[PDB]
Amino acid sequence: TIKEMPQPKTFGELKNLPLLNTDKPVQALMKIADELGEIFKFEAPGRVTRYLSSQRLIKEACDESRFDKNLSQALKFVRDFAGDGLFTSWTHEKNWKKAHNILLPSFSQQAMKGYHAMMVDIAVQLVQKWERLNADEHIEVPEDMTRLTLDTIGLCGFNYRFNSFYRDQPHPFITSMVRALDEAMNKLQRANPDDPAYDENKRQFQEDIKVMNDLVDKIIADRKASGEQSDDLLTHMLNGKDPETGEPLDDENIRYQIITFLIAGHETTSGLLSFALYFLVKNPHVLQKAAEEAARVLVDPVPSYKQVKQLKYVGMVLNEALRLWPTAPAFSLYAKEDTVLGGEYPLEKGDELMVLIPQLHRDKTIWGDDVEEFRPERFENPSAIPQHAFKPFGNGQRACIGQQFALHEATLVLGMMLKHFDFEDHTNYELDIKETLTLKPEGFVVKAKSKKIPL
């Protein structure tokens, strides 16, 4: 039977917009979802969004015959610097399928064998940093995880060393990319974006886009001018031809792909690693079981690709961290045609949906009563998890191309962390989640006591 959709409290002509006038809009939407349930309508002047929280409805939203990836307003603002890269392109843009066909082989489980040595290079820099801390000192977790994952995708992406472990102040490119992401997300909250109040914001945004284009376009030009054939994503993009069109990517699109990969490495994997370590220090029995696996498997000074594949429990820890705090917390869909969601909610062609991944992952009909508990054992058997219950990498053909890359890096790094150190939650850290494009545990600090195992 056709149901009226719940809607949170309104602010006259501003409708629901002021509810997201916060530095934590995703956590605000999770609290709305807790109050209103599996679906709610969110209205702003000239905009309707429907927020889905239940596996019951999200399993329908994930039907690619009925729904396609939508560019959320957030992604439309990110598109001002990520262009028609894979992340901010519509499925129907020629450059989406072309880049997708060219890059899939670069992102395969098989390509990970090739990236492994460069991931180890950065992972060993992280371990060495922590081995070199003095007795009184602590680790700034998301800070060090962001140094790591930015550097990894720099090196694997285009053989470029951001040298993040040599620095306090980020590489200039990163200061521009972070400020551009911040501007993109802040613009969601401007009820009148064309105010001159926001004129300095507009001008900084253009300068930041230039910094990004200049380093990346110079990186591409330098690579073309050298003729060097390093086994990185830039080489694959310069030489690759789409089997369908027979065309290569042009230099502008390659720039967008590189900016996109840097956004991904900086924002996502670092969040996952930060949440995984958070849950391990809060669940000492789970930390011990993961530490036991790392010690049993990582028998060599340098982990091998094959050894990373054997860190099953560490992979379960990462999936459980993705369940409770999916660092990429939402994706947007549009109805390809008029359709009825869940037998109750009529949608028109073009109607926009937001999938609230943290809420999906807390659906008690799927996960049961222990849903807030950190239990990696939930992930022992992928076949025992219902369809579309677990979506930290999005859905279908528009799912994360980087999923294998991210999980290989996170497994390697967390394996080495658990092999080399005992960890202390010395401050009894109270989770405080900072929102950019992604969720990260802000101010998360630990102490690492070396097990004194040489590299």
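What we label the rigid core is the largest C-alpha set whose atoms superpose within 1.5 Å from one form to the other. One-based numbering along the sequence shown.
A.B. asks: With the rigid core held as the alignment frame, decide whether 372-380 or 212-220 lies farther from the shown form in 9 other deposited structures of this protein, in terms of RMS C-alpha distance.
C.D. replies: With the rigid core fitted, 212-220 is the stretch that strays more in 9 other deposited structures of this protein.
A.B. asks: Between 313-321 and 173-181, which has its CA atoms farther from the current form in 9 other deposited structures of this protein, using a rigid core superposition?
C.D. replies: Once the cores are fitted, 173-181 deviates more in 9 other deposited structures of this protein.
A.B. asks: Which has the higher mean CA temperature factor in the PDB entry, 57-65 or 43-51?
C.D. replies: Comparing 43-51 with 57-65, the higher average CA B-factor belongs to 43-51.
A.B. asks: Is the mean CA B factor in the deposited entry higher across 219-227 or across 358-366?
C.D. replies: If you average the C-alpha B-factors of 219-227 and of 358-366, the larger mean comes out for 219-227.
A.B. asks: At the C-alpha atoms, which of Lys76, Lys98, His236, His266 reaches the highest B-factor in this entry?
C.D. replies: In this record, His236 carries the highest C-alpha B-factor of the candidates.
A.B. asks: Taking the Cα B-factors listed in the entry, which of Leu273, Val127, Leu155, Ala197 comes out highest?
C.D. replies: Answer for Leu273, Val127, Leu155, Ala197: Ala197, with the highest C-alpha B-factor.
A.B. asks: Is the Cα B-factor recorded for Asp425 in the lowest, middle or highest third of its chain?
C.D. replies: Its C-alpha B-factor, which the entry lists for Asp425, ranks in the middle third among residues of this chain.
A.B. asks: Determine, from the deposited record, the chain-internal third of the Cα B-factor for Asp121: lowest, middle or highest.
C.D. replies: Within its chain, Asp121 is a lowest-third residue by C-alpha B-factor, going by the deposited values.
A.B. asks: Splitting the chain's C-alpha B-factors into thirds, which one does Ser72 fall into?
C.D. replies: Answer is middle: the recorded C-alpha B-factor places it there.
A.B. asks: Using the B-factors in the PDB entry, rank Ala330's C-alpha atom against the chain and give the third, lowest, middle or highest.
C.D. replies: Its C-alpha B-factor, which the entry lists for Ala330, ranks in the lowest third among residues of this chain.
A.B. asks: Lowest, middle or highest third of the chain for the C-alpha temperature factor of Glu38?
C.D. replies: Middle third by C-alpha B-factor.
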